[PDB]
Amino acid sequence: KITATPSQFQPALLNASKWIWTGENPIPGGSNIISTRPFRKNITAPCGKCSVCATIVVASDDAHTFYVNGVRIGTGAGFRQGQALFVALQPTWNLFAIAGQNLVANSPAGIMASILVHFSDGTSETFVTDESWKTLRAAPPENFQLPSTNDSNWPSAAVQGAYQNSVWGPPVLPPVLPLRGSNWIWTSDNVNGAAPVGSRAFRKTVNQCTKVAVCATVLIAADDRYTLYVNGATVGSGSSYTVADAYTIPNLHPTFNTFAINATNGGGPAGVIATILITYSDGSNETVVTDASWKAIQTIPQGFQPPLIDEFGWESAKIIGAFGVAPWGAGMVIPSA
């Protein structure tokens, strides 16, 4: 049962996390052979909280594949910057599994991750890679990542370093979500690089009736100002086109969700841009961006935000341009993952 409500996005941090490998070289940050190595950790929910979903940040020397409860949720590489991943969880326990690869002979090897678990009651806790994870001094067995594998006589992982103290130094957090891939949109009264003074509304519905939606993460900015609504409830608002806002919606409807925006132009150019990531209970996700599949209207009707209004006399939203275009450029400050 979920009492958590929409909130400012809380970044997962690598500060308490550790670099792990097998200990085949007993020198942490020491030279290791070209190899692939498994890592597993069963994490159980405290008390009587349920776990709902997780924000994940993961970094690797040299590369990684990340699994949750047997499902591949991502592939990545590199220790200078982490990769953001989002996933729905089982309510009481979750098996995290990583395949790490060292790709350069005589080079250091290591995996670092932070798993920020969001609970049914609106609390969070960070879990990290450390000595309590299990590994093998061999290539991963077939199905090493499924819960059905017994990791009981696997050895402990060996710590290679901490966030501040390691051969790698501290990885930079990635952006929570990319704006690359999204579009500044407006009503079709936005011509010759300016739009009238006034408020305009935008709507997007996601409805996969054969899947169970769990959590959404939203990244949004507007020239001049916006208010954002999910299923008619206020999520938040901002007034900056140079600093974006990120939100978590932990209480999604399982099949049908409507995002609505009242955005206001104070004068000159105008636009609204957003990236939305939705997690599904099978471990899959969907990305939605501001584009021409959104609906827009120039006079905002009463109830523009309720989920099931009549969209007659809403137009396709106009693409002003892909993220990057003048006048706003590529420099938006995006919260960390």
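So that there is no doubt, residue numbering starts at 1 and follows the sequence shown.
Legend: mean Cα B-factor per stretch from the PDB entry, 93-101 versus 143-151; the higher mean is in 143-151. As recorded in the PDB entry, 189-197 is the stretch of 246-254 and 189-197 with the greater mean C-alpha temperature factor.
Highest CA B-factor among the listed residues (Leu173, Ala109, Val235, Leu179): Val235. Of the candidates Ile278, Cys50, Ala59, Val272, it is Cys50 whose Cα B-factor is highest according to the PDB record. Sort the modelled residues of the chain by CA B factor and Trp328 lands in the middle third. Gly74 sits in the middle third of its chain by CA B factor, as recorded in the PDB entry.
The deposited CA B-factor of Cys215 belongs to the middle third of values across its chain. When the CA B factors of the chain's modelled residues are split into thirds, the value for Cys209 lands in the highest one. Looking at the C-alpha B-factors along this chain, the one for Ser124 belongs to the highest third.
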